[PDB]
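Reviewing the structure listed below.
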RNA sequence: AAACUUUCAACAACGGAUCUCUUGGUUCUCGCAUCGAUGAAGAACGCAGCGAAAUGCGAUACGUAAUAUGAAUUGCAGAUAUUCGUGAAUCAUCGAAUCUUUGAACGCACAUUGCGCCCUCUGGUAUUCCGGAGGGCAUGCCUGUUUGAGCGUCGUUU
RNA sequence: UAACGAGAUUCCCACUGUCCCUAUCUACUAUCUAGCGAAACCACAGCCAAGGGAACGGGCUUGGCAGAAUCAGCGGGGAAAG
RNA sequence: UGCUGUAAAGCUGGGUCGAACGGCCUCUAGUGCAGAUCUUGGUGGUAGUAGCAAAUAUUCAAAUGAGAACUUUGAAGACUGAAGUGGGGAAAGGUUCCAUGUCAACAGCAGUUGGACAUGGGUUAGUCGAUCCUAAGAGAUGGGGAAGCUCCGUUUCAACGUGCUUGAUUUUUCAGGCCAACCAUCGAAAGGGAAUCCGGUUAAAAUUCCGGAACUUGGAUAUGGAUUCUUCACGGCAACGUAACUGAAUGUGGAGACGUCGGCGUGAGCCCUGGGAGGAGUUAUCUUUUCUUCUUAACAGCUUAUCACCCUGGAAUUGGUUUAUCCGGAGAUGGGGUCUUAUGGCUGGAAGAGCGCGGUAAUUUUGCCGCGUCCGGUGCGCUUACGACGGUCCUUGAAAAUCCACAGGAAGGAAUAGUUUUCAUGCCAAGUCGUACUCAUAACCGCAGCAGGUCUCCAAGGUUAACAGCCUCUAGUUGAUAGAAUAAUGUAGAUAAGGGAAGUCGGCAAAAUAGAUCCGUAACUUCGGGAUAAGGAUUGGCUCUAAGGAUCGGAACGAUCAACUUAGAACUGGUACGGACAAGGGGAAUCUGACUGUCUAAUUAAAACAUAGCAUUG
RNA sequence: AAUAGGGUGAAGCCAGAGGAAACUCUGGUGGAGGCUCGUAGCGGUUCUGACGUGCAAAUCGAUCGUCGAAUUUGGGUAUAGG
RNA sequence: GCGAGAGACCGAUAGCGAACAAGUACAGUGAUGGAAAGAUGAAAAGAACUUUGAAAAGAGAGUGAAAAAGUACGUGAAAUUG
Ligand SMILES: CC[C@H]1CN2CCc3cc(OC)c(OC)cc3[C@@H]2C[C@@H]1C[C@H]1NCCc2cc(O)c(OC)cc21
Ligand SMILES: [Mg+2]
Ligand SMILES: [Mg+2]
Ligand SMILES: [Mg+2]
Ligand SMILES: [Mg+2]
Ligand SMILES: [Mg+2]
Ligand SMILES: [Mg+2]
Ligand SMILES: [Mg+2]
Ligand SMILES: [Mg+2]
Ligand SMILES: [Mg+2]
Ligand SMILES: [Mg+2]
Ligand SMILES: [Mg+2]
Ligand SMILES: [Mg+2]
Ligand SMILES: [Mg+2]
Ligand SMILES: [Mg+2]
Ligand SMILES: [Mg+2]
Ligand SMILES: [Mg+2]
Ligand SMILES: [Mg+2]
Ligand SMILES: [Mg+2]
Ligand SMILES: [Mg+2]
Ligand SMILES: [Mg+2]
Ligand SMILES: [Mg+2]
Ligand SMILES: [Mg+2]
Ligand SMILES: [Mg+2]
Ligand SMILES: [Mg+2]
Ligand SMILES: [Mg+2]
Ligand SMILES: [Mg+2]
Ligand SMILES: [Mg+2]
Ligand SMILES: [Mg+2]
Ligand SMILES: [Mg+2]
Ligand SMILES: [Mg+2]
Ligand SMILES: [Mg+2]
Ligand SMILES: [Mg+2]
Ligand SMILES: [Mg+2]
Ligand SMILES: [Mg+2]
Ligand SMILES: [Mg+2]
Ligand SMILES: [Mg+2]
Ligand SMILES: [Mg+2]
Ligand SMILES: [Mg+2]
Ligand SMILES: [Mg+2]
Ligand SMILES: [Mg+2]
Ligand SMILES: [Mg+2]
Ligand SMILES: [Mg+2]
Ligand SMILES: [Mg+2]
Ligand SMILES: [Mg+2]
Ligand SMILES: [Mg+2]
Ligand SMILES: [Mg+2]
Ligand SMILES: [Mg+2]
Ligand SMILES: [Mg+2]
Ligand SMILES: [Mg+2]
Ligand SMILES: [Mg+2]
Ligand SMILES: [Mg+2]
Ligand SMILES: [Mg+2]
Ligand SMILES: [Mg+2]
Ligand SMILES: [Mg+2]
Ligand SMILES: [Mg+2]
Ligand SMILES: [Mg+2]
Ligand SMILES: [Mg+2]
Ligand SMILES: [Mg+2]
Ligand SMILES: [Mg+2]
Ligand SMILES: [Mg+2]
Ligand SMILES: [Mg+2]
Ligand SMILES: [Mg+2]
Ligand SMILES: [Mg+2]
Ligand SMILES: [Mg+2]
Ligand SMILES: [Mg+2]
Ligand SMILES: [Mg+2]
Ligand SMILES: [Mg+2]
Ligand SMILES: [Mg+2]
Ligand SMILES: [Mg+2]
Ligand SMILES: [Mg+2]
Ligand SMILES: [Mg+2]
Ligand SMILES: [Mg+2]
Ligand SMILES: [Mg+2]
Ligand SMILES: [Mg+2]
Ligand SMILES: [Mg+2]
Ligand SMILES: [Mg+2]
Ligand SMILES: [Mg+2]
Ligand SMILES: [Mg+2]
Ligand SMILES: [Mg+2]
Ligand SMILES: [Mg+2]
Ligand SMILES: [Mg+2]
Ligand SMILES: [Mg+2]
Ligand SMILES: [Mg+2]
Ligand SMILES: [Mg+2]
Ligand SMILES: [Mg+2]
Ligand SMILES: [Zn+2]
């Protein structure tokens, strides 16, 4: 809701910042195995449980 | 006809969420939030509304001059005129009878 | 109406985030965590749940201080500073 | 079986009394020097309805003998007590309706209410509307008084115990039928959760000793021993007799 | 007779068996004894020139000091970076530090980034009000210090 | 036992496609096309009659027969599925 | 490709492939699969099959694009129809918001579009909330249990103040004076509660920003006024008035602070309507016409009221008086006043704003100029607020923080000067967290963009009893795979000659009745009912008639103004007329439960449960 | 916090008519009730309708019960597995 | 727990649940439950360039020992399929 606690809004800020694609220069590193960010989250699909 | 919305987050018709409908200089019909109606100061003896005393919500009495909150008489803003009159007459008559019962007791403490 | 219609009436959280373990097991009305037992002084743990001990024990976090006790012990719990060689 | 409704009441979860609207505990004054040796005078300020009570209560203002203060007491209103009446309490108080006197200071045949079982407990006997205690006699040598209680029992109380002269107001309430389930609903809505009552014979054997059967019937004697245990005491407990009361008792 | 159906082979699919590996696991043996109110284990939130995670760290934030070593780091970029040297990189080592909000968690409280009080300094015409910086105020128990209470009680004076 | 009843029952009036005894009409399907595209189920499979047989066969024995590939319906059988 | 062995199997030719592997003598075992409704993974037939059919509905053109049933714009046709498909919020979600780009996946067709994907941007508060209070309740302490995890208890068998208020002192020491019933703390974004409004502004924020105009609390503090030589003001018979106009400990009160229903009254907003000043539409004909703008916030001053109260006076020939019958020698009617300011009026705020027009500037950031923005009326109208009343209960309808007044009389006070921030004006400050968006036939929960579920505010015209149904205005949508046909069987809906329950377990389903006015209404009855019993008549349109009121004028009369109700008559028509919509079938009996009420969420709503009443027991 | 619009017409009150009295009759007014028709709401009777690999692990449609109180409902709070 | 050495052990459906950003993703109100997932090549040398196509891609070409190794990557069985 619009009326939210600070602790809630801080969890939602971290949840927004973790929901980004992989930076592409990381795939060029030697012995790199990560092809994409495997921990993506859509708002309608998986809920935060906060 | 224009329709209005609450201006605050409270969506319920509670005692503190009463609204009036007001037309603004912009030609608009908006909701104006109405404060709860003040109750009248009442007599401590009979409970009737005291004359000459402003009807305010309790915190508003702190911010108003003294002539609004009292009446120039004994027990002015606390008791009504008739209850003060009855207190005065009762006090006088009862103390008079106390003197009468004392002198009478001294009259029966010297003959019986 | 105990299935789909009744499942539509779920908007009142029984649990919120715990301050000790951050898990969303803090019962609001009981004021207790079903996971770590907060605000009790001790941590909630049972011998009938060994996997639960696995999930939250030493080594599952940072060990920001126990990391180095072995390395300080191996040097006899040194006091002072290293001396530069001539 | 299951824990029965008799036994669920002691835990007092949903069976506590609904006391939000109650106007205070009705008590006599604390027995003090003024009441023990002379009398103290108070004035009736209010006569009010106490939810859950058939008897009105009287709010009576007394002066504090030791500090500059007013003490408001909650008395059970005797019938005939009015607002502005002066109430006198003590050993030397006069025999007027509403006055609080020791039992020994009241002659035989005195009708008294809110009587103390023990000296200073502030009223135990005859507190409901229309009820009272009759003073039967005195035993000044042993300092004892014989009284008759609303149930018809004779009791021996200390003559120092206090009571209020008159009958408790609000009597005759039971004379009118309630006529409706809703009236009983509103009656117990401010008393406690004891209504409505399901008959135990209408339950299953888990729920009650009377439950079960291919007809509704108790099956065994509904007179239960006094020495029976919780979960068994459903019915007529320690009944000396049963059936329609015929003749005098 | 085509088509179609079925079988087989070749090639192509589908799928991921088989083979071969292996910084993992499992089990046995040997040696050692080291958490925390000097704030642990754990949690939350942050921190990189360009990073989401894992790993590391704490506003000194993928780290500061020190010792050792001795020319890198590297996906790209870049020195007010470096090379016969107080000198690149390095959880190599590690003895000095920093260590947010918390947590046994300690001023009170906590579904709140809620509310105090004390000391010093400082800004606002201020011992009192408002702001800021730093340092403090939990409980049980032990030893001691000081201040006390009780006709519990000793001595003395009317 | 007045009143009340989505309670059970009988009769009467009104009413009518409930019926005699069916017919016609509308929309949406079904149908055909483009696109999209599951599931139940599946020993192998799938024409009958008699026989014998675990005493009611798709298969066995003896007969009738028997000609590609199929579409819409259908509910006899698969002692159909769950 | 073959060979060997009865066999389990061994060997070999060719192809593929890329790093290890075998024979023999022995050792060892987690050592051989067709099944276990076996396990895990993978794959078929079914099968291009079932299906993608609720919520009225789409069409033409242009633009964009490789590509348009589905995107955008225009034109049209529709719907939701103010108890909305409109405009907001609470819970819940968490970036879904906005712009740009964009189509691999997802949007069960498509896709240039999207709540998808990518990159950025975005949430501004002293006044709105939280924060504080207490509610049901939760829960430390002192204690008491318990082996203990911990349990009880909430002031309890407690030596319970990190007390305050002053005169200070500058001696950074003090002197005291009062109190310590109760009082840890947590517990409401719907209860209680200090204070803000209007206009404008963004792609997306606004009671938060900009402009203007206020307000509260805390602090500081001077000037003016007020007051004092009768020290702590005057006036009024009084109700009481005022710019102010000492007041400690302690005490007493008030506000906070309170159900529900009924009619009445007043206001506000909305609805309706006349004139005038503008704009748009219709114009074959008619229409001085149809639609539309004409507005005024918080705040300040003056004024304004039912009720209540005061003074006068002394009442039966009882009077006053409400829609509702209550009041008066405990002082009515009459006459004169006082008060609360709820609510309205005037003025300031404020026309400078906003709105409506006309004339011009320009790639143009953005405008500039002129005119107008005025005066009324109406009501069983609707909604809502308030008021004075009345009814109701074996039901009487929170608490606390907080604020004020009063009682009391401590202390301190003037003359060459004294006091006070409850009068006016002036100075300073107001921290922290939330604030975007959705709130649902796609932003929540039901595995999902699910016909389910999920609390609440505002509410136009016509018809009507009606906030029902039906049509429409503002606003919003036009979303739900589509095209072509129109067999059977369906699903939803209609109609049917004559008969009229013969159907069937059973009138199941359907039909019939239905609004309003008038007439008429049985048994039985607990006298309340039954009852809309049963059973009849009428109803349109048009043209008239009559009745029913208000305010003024000194009158059984004139003047002016005004609402829709009721009744009667004539005429009229394919005898129609509650013309759609909306809308009881009825009666005679038996069984059973008295009634209203309640339960087997998801097969049983009943005669079961409850119930009032009655009785028994402790 | 929420609950259109009607019907019926309880006490109390006003007036008239009759009566010697004890008292009776009539017309208004008034607005009672776990009253009644009927929306919203709450419920869930029947079609034993649709659907029954559903829109849905209980829905959809018509029909129906009730609709001012033992009413409906949000939030807070309490009760926890013999 | 810390540090080591081993084995007639298992060899990615095995061995710990986890050889990998594994007690991870994800579910559940909650206590708890809890996966799947290793392998191009010696070296990215990860296919410049031309051409058809709106694009994805295709066809030539190019690198490589091999493209019968193209990240949908060693080998590449069977079911099933052209
Ligand atoms: C185009 C819309 C009509 C078309 N026509 C054609 C003629 C006809 C004749 C019928 O019988 C003569 C009939 O029987 C019913 C139905 C029809 C259909 C019904 C359909 C609407 C209807 N579709 C199904 C359900 C439904 C639900 C609603 O809420 C709703 O509101 C808009 C509407 C509906
Ligand atoms: Mg509030
Ligand atoms: Mg006054
Ligand atoms: Mg709960
Ligand atoms: Mg009973
Ligand atoms: Mg019972
Ligand atoms: Mg039963
Ligand atoms: Mg039993
Ligand atoms: Mg027994
Ligand atoms: Mg029995
Ligand atoms: Mg039974
Ligand atoms: Mg029985
Ligand atoms: Mg028997
Ligand atoms: Mg006898
Ligand atoms: Mg292998
Ligand atoms: Mg090993
Ligand atoms: Mg809170
Ligand atoms: Mg019923
Ligand atoms: Mg078979
Ligand atoms: Mg046969
Ligand atoms: Mg046979
Ligand atoms: Mg067979
Ligand atoms: Mg044959
Ligand atoms: Mg069929
Ligand atoms: Mg069949
Ligand atoms: Mg190799
Ligand atoms: Mg060998
Ligand atoms: Mg085996
Ligand atoms: Mg097998
Ligand atoms: Mg076998
Ligand atoms: Mg199987
Ligand atoms: Mg399987
Ligand atoms: Mg098909
Ligand atoms: Mg279908
Ligand atoms: Mg319409
Ligand atoms: Mg409507
Ligand atoms: Mg909304
Ligand atoms: Mg958008
Ligand atoms: Mg699609
Ligand atoms: Mg597509
Ligand atoms: Mg996105
Ligand atoms: Mg506020
Ligand atoms: Mg309490
Ligand atoms: Mg406790
Ligand atoms: Mg203790
Ligand atoms: Mg609080
Ligand atoms: Mg609040
Ligand atoms: Mg309240
Ligand atoms: Mg504004
Ligand atoms: Mg907005
Ligand atoms: Mg401003
Ligand atoms: Mg009213
Ligand atoms: Mg009006
Ligand atoms: Mg205001
Ligand atoms: Mg003005
Ligand atoms: Mg009342
Ligand atoms: Mg908003
Ligand atoms: Mg939904
Ligand atoms: Mg969801
Ligand atoms: Mg449709
Ligand atoms: Mg016929
Ligand atoms: Mg006919
Ligand atoms: Mg007939
Ligand atoms: Mg029949
Ligand atoms: Mg028949
Ligand atoms: Mg028959
Ligand atoms: Mg029959
Ligand atoms: Mg029927
Ligand atoms: Mg009739
Ligand atoms: Mg019944
Ligand atoms: Mg059921
Ligand atoms: Mg069941
Ligand atoms: Mg049922
Ligand atoms: Mg009713
Ligand atoms: Mg009804
Ligand atoms: Mg239904
Ligand atoms: Mg059915
Ligand atoms: Mg079907
Ligand atoms: Mg509730
Ligand atoms: Mg494994
Ligand atoms: Mg595994
Ligand atoms: Mg592989
Ligand atoms: Mg090769
Ligand atoms: Mg290869
Ligand atoms: Mg391969
Ligand atoms: Mg094959
Ligand atoms: Zn926890």
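Quick notes on this one:
- Between 0 and 90°, nearest 10: helix B:81-108 axis offset from chain B longest Cα axis: 20 degrees
- DSSP bridge analysis restricted to the protein assembly as shown gives an antiparallel fraction near 95%, rounded to the nearest 5.
- Computed on the Cα atoms alone, the convex hull of chain D gives a volume of 190 cubic angstrom per residue.
- Within the listed set D:80, D:104, D:200, the residue fluctuating most in the Gaussian network model of chain D (springs between alpha-carbon atoms under 10 angstrom) is D:200.
- Gain on full extension, evaluated as 0.36 nm per residue between residue D:229 and residue D:151 minus their Cα-Cα distance, stands at 25.3 nm.
- Taking the helices alone, the protein assembly as shown has a mean residue ellipticity at 222 nm of -4500 deg cm²/dmol, built from -39,500 (n - 2.57) per DSSP H run of at least 4 residues and averaged over all its residues.
- Using alpha carbons only, the radius of gyration of chain B set against its Kirkwood radius gives Rg/Rh = 1.39.
- Residues C:63, D:203, arranged from fewest to most other Cβ atoms within 10 angstrom of their Cβ, appear as C:63, D:203.
- Annotation: the residues D:186, D:208, sorted from fewest to most other C-beta atoms within 10 Å of their own C-beta, follow the order D:186, D:208.
- Spin-label pair residue D:176/residue B:97, simplified geometry with 7 Å Cα→Cβ offset, distance in nm: 3.9 nm
- Reported to the nearest whole Å, the Cα centre-to-centre distance from the stretch C:28-86 to the stretch D:86-154 is 73.
- Sites residue A:28 and residue C:42, calculated FRET efficiency, Cβ-Cβ separation with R0 35 Å, nearest 0.05: 0.10
- Set of the stretch D:181-221 residues, backbone N closer than 20 Å to the point 7 Å along the Cα-Cβ line of residue D:20: D:183-196
- Most fluctuating residue given options D:177, D:150, D:102, as computed from a GNM of chain D linking Cα atoms under 10 Å: D:177
- Neighbouring partner chain Cβ atoms per residue of C:12-18, average, 10 Å criterion: 2
- Of all the options B:11, B:58, B:25, the one that moves most in a Gaussian network model of chain B with Cα springs shorter than 10 angstrom is B:25.
- Per residue, the convex hull spanned by the Cα atoms of the stretch D:26-171 measures out at 97 cubic angstrom.
- Applying 1/(1 + (r/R0)^6) with r as the Cβ-Cβ distance of residue D:68 and residue B:62 and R0 = 22 angstrom yields a FRET efficiency of 0.20.
- Label sites at residue D:217 and residue D:121, each approximated as a point 7 angstrom past Cα along Cα to Cβ, lie 4.6 nm apart.
- For A:12, C:7, B:56, D:101, order by how many other beta-carbon atoms lie within 10 Å, fewest first: C:7, A:12, B:56, D:101
- Hydrodynamic radius by Kirkwood, which averages 1/r over all alpha carbon pairs of the stretch D:1-94, in angstrom: 15.7 Å
- Rg/Rg_globular for the stretch D:18-63, with Rg_globular taken as 2.2 N^0.38 Å and Rg from C-alpha atoms: 1.39
- Compactness of the stretch D:187-249 is given as radius of gyration and Dmax, 14.7, 40 Å, from Cα positions.
- Note on the protein assembly as shown: Cα convex hull, mean projected area over all directions, 59.9 nm².
- The mean sequence separation of alpha-carbon pairs under 8 Å and at least six residues apart, normalised by the residue count of chain B, gives a relative contact order of 16 percent.
- Applying 1/(1 + (r/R0)^6) with r as the Cβ-Cβ distance of residue D:134 and residue D:184 and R0 = 25 angstrom yields a FRET efficiency of 0.20.
Read-outs: derived from the displayed coordinates by stated rules, not from any lab. Here the Cβ is made from the backbone with ideal geometry for all residues, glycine too, and neighbour counts use every protein chain on show.
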